[PDB]
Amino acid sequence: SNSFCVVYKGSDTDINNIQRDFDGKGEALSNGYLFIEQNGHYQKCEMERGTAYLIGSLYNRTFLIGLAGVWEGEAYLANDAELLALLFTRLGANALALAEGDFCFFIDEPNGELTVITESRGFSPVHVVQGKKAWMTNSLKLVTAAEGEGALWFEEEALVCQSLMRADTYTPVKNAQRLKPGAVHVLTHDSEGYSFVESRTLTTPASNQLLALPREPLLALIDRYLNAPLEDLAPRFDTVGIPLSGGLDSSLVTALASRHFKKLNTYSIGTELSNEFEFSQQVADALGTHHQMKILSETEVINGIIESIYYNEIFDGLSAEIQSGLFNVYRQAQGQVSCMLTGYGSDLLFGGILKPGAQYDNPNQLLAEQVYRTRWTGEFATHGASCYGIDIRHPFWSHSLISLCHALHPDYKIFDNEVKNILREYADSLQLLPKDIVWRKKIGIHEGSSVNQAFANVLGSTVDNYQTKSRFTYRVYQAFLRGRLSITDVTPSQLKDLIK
């Protein structure tokens, strides 16, 4: 309940099929139809070139408004679509890469042509699928629901789940195309009516020359970009949820959140094999939040994996494994909060994944690759949290912080047998978090809870083997997208066949 899709030359027919298995509302376009799920947000506005549609949400309206406001006072009362329409017409499509959010902006032009701009981080992945008709969706399952069990053609698993590094346009669906995040696309049709996408990147590669930014300004920038999101979310939502791990990043977000929201709800998960409760409880107490822990069973851990696969359409094993915890937290917080903040991604920007004390020829490059990889996995899809009535946000994943850190001088990421140095300095400068927390060694979600082990135990493979895990995930991935498995009646106990 959050996704959308559009079909060219489509009618109510093709939509009714979708609506059968998914609830949402249809809407006609000049030459097609637009389907948007129940909990889906959207806005529209008239432009000289046609009607503009903005599907999804914006995370930095404040910044965008401030920008448009330089030349148009009507920027302060503009709805999302009108806001982006102002930037589009004044600064060209490239300006839309400045926007953050799980959005998709497109213009329904009279000539039947669709001009679409995809968000640039992976919050709202969009595919153009060639079925009986051409479909553009941010949820591949919608297409199957409309044209049938065979609509989607999947690639061989031997080819799919083997490598770990892919382009941000990679997709295992042969009869489909993954639109590049942060680019402009025009959906045209040639003389014989065949679909042809014309895409253009909205952002060129940033320099890789070390950024020797002085200490004081750096700290000011970090404080500013981490609080910017929270200040945006401050107005609405009096209460905010936070998956607490007691880790540095998740804890730092809670600290900052304490100064922006009235009430805070912290959640923790772990298995019978291990948990981080001791550290999270320490932060919850220090901040006096409505804390509550939970020890997930094996069945729960697996259910979390397959839920992220279904909802965020993840086919990568590591990603699905990492999401499991988060998905159980959403389930634990359902009905308690409507907004959640995380510390997800910080380790990829400040050097958390680097081994303390180890030597690295080019640590920044190592990190950049990971930042990039999150573009196609589905880790950042928001559909999952949405179906639990949650608007999941990741404060660290902002354009400004990512760009700042992209080539930030390594000495701030790894120095003196430490990691995330500058982030630690900033964290305790807040005088809100306990020293053991601020200086805790990094420990991942799937690691600290031993979810990686629980998963390996059910697949009967070594915790290290992520290719065997991907085989499984890709396997259920196709099963869910082919409609051969309904999220409603599915249990890990009935997936033994997909194991061997």
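Counting begins at 1, following the sequence as shown.
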Averaging C-alpha B-factors over each stretch, which comes out higher, 489-497 or 3-11? 489-497
Between 390-398 and 353-361, which has the higher average C-alpha B-factor in the PDB entry? 353-361
Which one of 463, 64, 70, 55 shows the biggest C-alpha B-factor in the PDB entry? 463
Between 292, 171, 138, 403, which carries the biggest CA temperature factor in the record? 292
Residue 331: CA B-factor among chain residues, third -> middle
Tertile call for residue 42 (CA temperature factor, within chain, third-based) is the highest
How does residue 247 rank on Cα B-factor within its chain, lowest, middle or highest third? middle
Here the Cα B-factor of residue 192, set against its chain, lands in the third termed lowest
Can you work out whether the C-alpha temperature factor of residue 103 puts it in the lowest, middle or highest third of the chain? lowest
